[PDB]
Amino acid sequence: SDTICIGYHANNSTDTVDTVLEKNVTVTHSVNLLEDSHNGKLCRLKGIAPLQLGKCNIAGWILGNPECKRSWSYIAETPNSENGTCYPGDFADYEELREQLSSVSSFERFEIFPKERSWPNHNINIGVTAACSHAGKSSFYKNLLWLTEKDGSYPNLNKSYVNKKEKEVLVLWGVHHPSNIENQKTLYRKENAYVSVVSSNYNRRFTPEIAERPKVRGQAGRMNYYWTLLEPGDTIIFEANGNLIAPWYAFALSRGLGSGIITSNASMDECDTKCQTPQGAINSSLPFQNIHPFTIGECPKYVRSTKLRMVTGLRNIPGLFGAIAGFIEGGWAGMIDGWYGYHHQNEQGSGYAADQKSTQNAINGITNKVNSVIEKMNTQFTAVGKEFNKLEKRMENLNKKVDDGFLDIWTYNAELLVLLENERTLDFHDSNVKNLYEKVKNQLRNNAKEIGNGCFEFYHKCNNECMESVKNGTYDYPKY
């Protein structure tokens, strides 16, 4: 019945964290705040799969490029999505259309102007081109119809469609611009033609501009593509005496709020996520991720960090208060049941025992600390990526300034928060051991000699009931 010692837990962990004052501190346990892995797959968002376009891009898909789902939560293109406008020309407000199609709750392709009945006095079946070939034969977009002259004339046409659905209708069409005056007259039998498209909101007149242009996909002519959204009850009216690439199929749809487009090598799998990146889906529980800036969903904040680890356990030794790695030089691998505690020796035996009160209080506090760093992060469904055309460089650079500024803010705060919390956590453990030592010293008083390494040497016999009284608050100083 000579001694009782205060000490702390150690184990065989080789985890390291950084603190304010020192790098690479080995600790008994740590927790990761940084999502640093992905599953390499395209997953469902809001329980709905993406639209995978594969070899096609949105232009090729929506026009019906011959080489190219009721709902989708985002759109996925590949880096080999090259099938788009097979006949060359300009696609009006293309980036805006991509954004507006990025999520739809309902989607239905339907024959807006039935090919065989809408155009009685035009040739409806020879508007094909080698620029739009499929299976070794010349073809054309499957959603448009290239009307041409019949029996030496191209009569004026006047065709309307009233959206009598309960949804928006996306209508697409084109205007052909021949390379020379001879092609104009062969196809449309007049030199000066017009195309007119009007709705309640849309109002435009197009005039073919004939010019010899550098050949693209073998074509010196051009076809410009146009679209509008018809609200329920609205009417669209087409009028032309030439050069019209008429709607054949259109799309009734309900647009979803705010998604986006991913360019990715990943393929779809049976997985659900809250956050999709171009590399793959990631978990959304942690506050930070270093996978990719251009995510879609309710996502961790993107950071440039490679490591964000919070210590939960102790400095591992198999601070401000001078106890841990101070006057108590090392930890106890033999104390397996807690963080701080006792070792004793008397005539009845020896052994380690954790102080459960201080241990459990400290566990509760460290768990509340980690939970706060994680759960205070507020998130919303956001599609980070944005697309800008060659005449929107200023907007593209403003968007980048926004993404990069957020990246800089979150990287700095996340790194410094982890360093600061890790410093506080080790001082907290140091304080708890220090306060445990003083509780014992103040009970024992002059009935024991302080050795100076955390241990006390009793001047009387301290049996097991006496030892238990010291771990309890109730040591009976005068009784000895």
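Quick note: we count residues from 1 along the sequence shown, nothing fancier.
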As the entry stands, the deposited residues without coordinates between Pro318 and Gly319 add up to 4 to 9
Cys68 to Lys69: deposited residues not modelled, binned count -> 4 to 9
Out of 423 to 431 and 449 to 457, which stretch has the higher average CA B-factor listed in the record? 449 to 457
Comparing 52 to 60 with 435 to 443, the higher average Cα temperature factor in the PDB entry belongs to 435 to 443
Go through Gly405, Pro247, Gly218, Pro293 one by one and give the residue whose Cα B-factor in the PDB entry is largest. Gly218
Taking the values straight from the PDB record, which of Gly297, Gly351, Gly242, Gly341 has the highest C-alpha temperature factor? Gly351
Among the modelled residues of its chain, does the C-alpha B-factor of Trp410 lie in the lowest, middle or highest third? lowest
Grab the CA temperature factor for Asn203 from the record and place it in the lowest, middle or highest third of its chain. highest
Cα B factor band for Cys462 (lowest, middle or highest third within the chain): highest
Could you place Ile282 in the lowest, middle or highest third of its chain by Cα temperature factor, using the values in the record? middle
Would you please rank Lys164 by its C-alpha temperature factor against the other modelled residues of its chain and give the third it falls in: lowest, middle or highest? highest
